[PDB]
Structures are given as structure tokens and as C-alpha cells.
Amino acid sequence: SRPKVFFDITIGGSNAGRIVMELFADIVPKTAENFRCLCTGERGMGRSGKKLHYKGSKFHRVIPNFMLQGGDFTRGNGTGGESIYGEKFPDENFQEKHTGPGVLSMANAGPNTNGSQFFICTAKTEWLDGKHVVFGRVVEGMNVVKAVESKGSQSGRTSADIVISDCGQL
């Protein structure tokens, strides 16, 4: 009874595969619900007047041996995004930790500023523990994550556009 959601990814417009994620609704239900709803689009419109939906959004930064950073569906550059609760929402808890590749964690701009931006880790990032809320994990498609990672760079700039071409709940 953890929900599962997915991204179908394109690289330069072409399918790269599917990433399937399990969400820790048992541990961080409010955070999991935000992410689940951003996958389905079911809540409609955000504060921005744009759809609360990851579909069509790009990864703004992809950093080899660190993580993929995405979820800015209003600007695609790491300065936008919003949650189903409004512009920001509180840090629910820090129970789950950044233990390795496949960890799903919320990006933020300090305490209690969760929106829609998220991280998919490609390494163990323990220094983020207690600062970023971990709310799930990749359960299928780490090879897709690796393919995306290879289009990244140290600055995070991608050599081809990395887009969530479709998403939803399974």
C-alpha cells in the first residue's frame, strides 16, 4: 500500500524509458500525496495559474555522480515550481535518509519551503539528511536514470533536453 508512480522520459525528444517510483505514504503522507498528485495532475491549477502536473516539464540540472534535479514545471530552471498546498509546505519529518542511488528527496530553499522540485539521487548524499525530506525511491528504471545522468555535467547543464514526457500513478 505504498503508491507507485512513473515518469516516461525523453532525451532530445526520444523515449529513454520509464522510471517507476514507490512513495513512502506510510512515513510522509502529505509529501507523498503532493508528489503523487503532481504525477497525475488531478488537483488542477496551482497558485501560478498553471497545471499542477509534472507532464512536459524538464530536468533543470543533471549532475553525474550526484543526482537529477527536476520538478520545476512553471519555469524549468530551478527557480519555479509549487505544491498542491500552495507555493510552499512544511518539512513533514526527516525519518528517511539519503542512503544511496534511487533516493527521492525534496529540493527546497531552507526550512519548510517544499514545493514541486525534487531530487533523484545517483549516489549516497548523507549531508542532505535532516535538511531535505526523503519521500520515496526508484523501484524500476535506474538504468534510465543512468542514461539521463550521462547527458549531465558538473554545472548541471544537459547536452540534450530531458523531459518528463508522461507521468502518472500505477
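Residue indices: 1-based, along the sequence shown.
J.: Tell me which of 6-14 and 155-163 has the higher mean C-alpha B-factor in the deposited entry.
T.: Averaged over C-alpha atoms, the B-factors run higher in 155-163.
J.: Please compare 123-131 with 30-38 and name the stretch with the higher mean C-alpha B-factor in the deposited structure.
T.: In the deposited entry, the stretch with the higher C-alpha B-factor mean is 123-131.
J.: I'd like to know which of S105, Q69, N65, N114 has the highest C-alpha temperature factor in the PDB entry.
T.: When the deposited C-alpha B-factors of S105, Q69, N65, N114 are compared, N65 is largest.
J.: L52's Cα B-factor: lowest, middle or highest third of the chain?
T.: Ranked within chain, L52 CA B lands in the lowest tercile.
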